[PDB]
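Next up: the same protein chain in two forms, each one alone, written as structure tokens (structure 1, then structure 2).
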Structure 1
């Protein structure tokens, strides 16, 4: 049975995980960093070994992966970064808290956006404070006009994450390489939905815990052989 480990980063600075941090490159807060440290200790105590790591190009996930690699003394592992594992792009909502989002767009539209799998939020427009910060960021300079989102539905996010799973990660898993993925709520949602064949409604109901190793055991067809499991002490699991 292949082993696959996912880890979702924890808290970012300035409450930005509650502010549609999205493609804004928020760093971990001190608390989010401690979360990653605890997740790494849990992987260390459990003696996990990896052969290759995948992460996004967003520093909060990269720093999570660094903290884990440090904790488990495997800083020498190959690391692969990809925009395709980025957090969902929340468009014009990026950086707003819940109250400000409702104030701007009204409760009705907010409910529609919260429940919809395929309706995107408004695009991030040139007058958004993150517009040039994200869209002109050098790490996206190789993306084509059609690949760099101004905004994403959950469908959009999963659609651009899954090609990287199939094209880069699955081959590593099938060679027997032990994969660690440090990424974001919605990109990990895409992977989990593919793994478990979950429904749109289902995946929108799933809220992956942060800072906690998520262990999958896959059969020869990369199908889970049991439910996802979490690593940690008794209280946190």
Structure 2
């Protein structure tokens, strides 16, 4: 194929352990998620993968996943670009709640609506939210215009602010011949997959990307996948 693209979704965070919604909250990897990242890097290493540029979010679970990979494949000297546009979905008011508090507070029907809807956002994170300032006033977002910093996001929203970065920053790089590695989050990566494969909103809702596993696309010169996405690792995983 003309081009090769590798994506990796970060692994288990500290907050997955507590069953808490992270979104834009900057949770670090759990030890186990760190190990997933190591296994993924080892898979790239064993397959002799080489990259020229790396993209990731401004969230430390994705950034650390990237570091761990670059270490495994002995390519820590690569340029790395970080952007909020690759951030996890902003879960708004649900940020910091766990599963139980959320089901108790909103009921099964409303939670099903949130999980199954493509353009239904969860409640906005209001200024009295425990993490309002921790997130909304983090200087790493100082450069965002008033309307780019979200209070909550549907999947459509997350994909809408991620795809501009794909089209304007990564695509040019792929067409330049640069081998690209994107280390990010399930939902912004969902956006990229939906675009690459022209999936329906229904299909993309069905799709969950495996964590800590390198996801290889062989693409033609128009960035059209020449075959289904493949994973790297041992025969088991």
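Rigid core here is just the name for the largest C-alpha set that superposes within 1.5 Å across the two forms. Residue numbers count along the first chain shown, from 1.
Put the two forms on the same core and the Cα of residue 229 is off by less than 2 Å between structures 1 and 2.
Annotation for residue 17: C-alpha shift of 2 angstroms or more between structures 1 and 2, rigid core superposed. With the core fitted, the CA of residue 217 sits 0.5 Å away from its counterpart between structures 1 and 2. Lined up on the core, residue 109 has its CA atom moved by 1.2 Å between structures 1 and 2.
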